[PDB]
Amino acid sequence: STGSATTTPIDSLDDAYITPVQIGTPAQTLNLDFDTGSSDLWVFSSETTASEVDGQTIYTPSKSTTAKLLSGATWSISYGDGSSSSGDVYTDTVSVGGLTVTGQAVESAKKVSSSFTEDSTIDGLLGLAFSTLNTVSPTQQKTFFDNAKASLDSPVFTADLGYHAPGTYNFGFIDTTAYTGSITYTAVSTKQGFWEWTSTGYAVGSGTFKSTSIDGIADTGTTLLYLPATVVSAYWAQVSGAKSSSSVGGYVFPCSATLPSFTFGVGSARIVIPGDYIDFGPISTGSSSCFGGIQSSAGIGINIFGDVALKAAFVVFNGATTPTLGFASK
């Protein structure tokens, strides 16, 4: 079997991507954030605290004839941005663009933090990192991909995010028309539960490529590209007026600038992120200072190849016996 669904940016800045997901019987369609950096499938629901719901589509487990409460199971998650959610667990039928999984753990939110409430376009998350990170207690649950894997035509899922445009999440197959050239595969470490790989280096604009090992994760759930301070300083040193701002919380640059591109290595291959992909608009409404899309990972603990980097490529999340990541230009 295979699945194919369109993913859409939530706003004009591509702050996150939403993909329609069918839950329960009859189908309850929720727009979820497909996150290769986490492993919980959680949704806004009829159980979420009323004041914490503001525009989101909710899942009502009582209206699903196939919903079953997982006895004594609870979940609680906290993300890198300081946001969090928690609640109880159901098992139900979940479908992504024609691909179905029965008995998928659907984590129903009783509480969500302010950032989830403030974003009415995101109805929940669909975790695509390794199941070892799933927070369901006392019995850990598997991801949608893990549950579907055996049934797929090929044990893979692909991410094809758009810049200011619609994109695609495919499951069980590789669309050979969605990229140019060849897919270069790279080694993956699953020891931290992430699609963690090593980039072979970088280049700023038309500058010389720097061979250096950058250990990071392929994360669709993170908006920006987080890299070592040395690398981010080299990039922003090419933009006149750019500076690191402690009040704004990162590198800012004059909105009138034309940003240079950023290249990252995948083995002998190169992925070029156009400069426009790194512009995250005014720091505050009406400001002439803009926020940068390439930020330092010094306070994180890990490098994050987020949406900024991934949307410049066709990305294969290969769940074969030994998982690997594939990257191609497009």
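Numbering starts at 1 and follows the sequence shown.
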query	finding
Among modelled residues of the same chain, the CA temperature factor third for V308	lowest
Third of the chain's Cα B-factor distribution that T19 belongs to, per the entry	lowest
Relative C-alpha B-factor of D279, binned into the chain's lowest, middle or highest third	middle
Where the record places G293 (Cα B-factor, split into thirds across the chain)	lowest
Third assignment of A165 from its chain's C-alpha B-factors	highest
